[PDB]
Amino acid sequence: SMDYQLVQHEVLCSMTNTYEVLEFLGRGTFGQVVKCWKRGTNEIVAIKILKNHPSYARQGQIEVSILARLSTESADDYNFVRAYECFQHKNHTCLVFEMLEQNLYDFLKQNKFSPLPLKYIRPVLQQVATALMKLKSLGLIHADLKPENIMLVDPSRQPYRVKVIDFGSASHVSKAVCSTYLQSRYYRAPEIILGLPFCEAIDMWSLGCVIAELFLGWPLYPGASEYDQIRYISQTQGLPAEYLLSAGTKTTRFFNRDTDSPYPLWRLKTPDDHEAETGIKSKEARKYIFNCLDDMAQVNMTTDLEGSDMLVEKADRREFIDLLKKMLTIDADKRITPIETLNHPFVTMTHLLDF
């Protein structure tokens, strides 16, 4: 229908190159990704075919332009997917990319959703943080940072080497209206849930969510709904400060003023009450429930580690949970920046130089 009918050995012809399709890789919201041979060479490329509908075309245009703007000496050094050229094929916008093998969700699934050791998280974090730092420097917001939009180039030959993909939803800071609906729910920053002003800082929330997921091998805050998403956060991290709630355009979707402002007593709607007045049922969707983020320090501790090698782990976790809290700071103004994360002990390993 909206999805171009895949053809058994289709020839996708741009103006400078021609491409043979080898493998249908799957379909997403944007469209489908197909593995292709670049005729008369030895290189294999991923080609994103967007849906026929005009909207997607802008999304591709948006993405195209940002990749156009991000076309420079090296995407490789700042760990975002190399885009090559954009072309039309039967009322279909097609984008050519470097082939990438596996997103972090697929990887985790392959690993039976067992937690990733911190020593393999670290490089991933470094790369994504680096990407974010580049984005900031261009005043860009990615706005869909999530496991499926971080892809391992080639896990076997290049362990833990990642590219950020999909700049379809990306955006300049100068254009960021309050109470815009952005981000995958699990990776959505409070400032979007509550309808507060926002910027590149939202991506840092997503990054925190991603690294916690990796640590746990399951999402930290898997809300079925914005109500659930904010309830979960609130349980673990406390209610967002009054000043945040009072300013949010969406606050009263989820919270009541139990006393009149000024100095209002904000309380989360009870799940029951919420259900009553919305027609949305509250679920319990999470494998791990934490009274605070500190308690993450102690879960899934290896029971097969002696002396110095457990001390190291203890140290490492402490550094991790310290960065994670900074990343998952509800007020964006107080939230750690990419550069700061890059100079945090957990990344730089300064905390391990004496073992």
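Note that residue numbering begins at 1 and tracks the sequence as displayed.
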Is the mean CA B factor in the deposited entry higher across 146 to 154 or across 84 to 92? 84 to 92
For the C-alpha atoms alone, is the average B factor greater in 301 to 309 or in 323 to 331, going by the entry? 301 to 309
Looking only at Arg231, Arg161, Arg185, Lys175, the Cα with the top B-factor belongs to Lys175
Looking at the C-alpha B-factor values in the deposited entry, which of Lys250, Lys112, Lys283, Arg257 comes out highest? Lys283
Using only modelled residues of the chain, where does the Cα B factor of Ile49 rank: lowest third, middle third or highest third? highest
Sort the modelled residues of this chain by their C-alpha B factor and say whether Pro262 lands in the lowest, middle or highest third. middle
Considering only modelled residues of the same chain, in which third does the CA B-factor of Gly279 rank: lowest, middle or highest? highest
If you rank the chain by CA B-factor, which third does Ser171 end up in: lowest, middle or highest? middle
Would you mind ranking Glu73 by its C-alpha B-factor against the rest of the chain and naming the third, lowest, middle or highest? highest
